[PDB]
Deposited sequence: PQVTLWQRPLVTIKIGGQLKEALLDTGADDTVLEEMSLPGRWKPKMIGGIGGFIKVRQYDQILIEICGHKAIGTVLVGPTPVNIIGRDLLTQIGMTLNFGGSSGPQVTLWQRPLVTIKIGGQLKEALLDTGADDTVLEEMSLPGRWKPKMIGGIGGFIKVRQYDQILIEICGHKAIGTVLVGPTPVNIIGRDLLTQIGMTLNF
């Protein structure tokens, strides 16, 4: 299947004998699920994201069926607001990002130019919105809060900002704040014709 990004790329998964919906998230290194019952031993673990860190239980060698496809790997379980399938499992089902084609064995980074400056950013299908680390942008903005793995952060919303991502230009809203990494969300991914293919 090919998947465009005008809506969140959700899929049905079967794990631990249970059915769940999860977000195909190219911006996630690891797969993280909301609290659920899984068989066996686990290890305590802390993972970070927008908003900070959360404690999760790490289960190893867990069978997961994602769409029609099987994979076995590590699964983290904890207080994430959304079930996310990260690159660890995307690679196993042969997922690629197309806009150039990109496999997901490494973080899908691209060079962007915004506000006259050059930055590197993560192509993040799991992000509704584009969020950049603190930077100098031209003009007026509005105070805003956005949520994520470890809670919420306050960001400045700038409207009508030109961004050039890889080759391609796009205009839209950009959030600026204490995100750990620059993220290109679906708002801009759709403008450069990005798709998920598996």
Unmodelled ranges, which are counted on the deposited sequence from position 1 and given in order: 100 to 104
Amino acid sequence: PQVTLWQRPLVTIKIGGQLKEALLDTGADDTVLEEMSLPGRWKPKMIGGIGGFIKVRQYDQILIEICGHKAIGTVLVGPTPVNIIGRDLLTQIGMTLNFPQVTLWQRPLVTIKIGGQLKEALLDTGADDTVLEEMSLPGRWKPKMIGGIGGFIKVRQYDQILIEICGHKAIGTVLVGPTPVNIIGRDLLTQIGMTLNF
From here on, numbers count along this sequence of modelled residues.
Stretch exceeding the other in mean C-alpha B-factor - 166 to 174, 129 to 137: 166 to 174
Comparing 46 to 54 with 29 to 37, the one whose average Cα B-factor in the PDB entry is higher: 46 to 54
Maximum C-alpha temperature factor, selected from 118, 71, 75, 85: 71
CA B-factor ranking of residue 9, expressed as a third of its chain: lowest
Third of the chain, ranked by Cα B-factor, where residue 180 sits: highest
Chain-wide C-alpha B factor ranking for residue 81, given as lowest, middle or highest third: highest
CA B-factor placement of residue 100, once the chain's modelled residues are sorted into thirds: highest
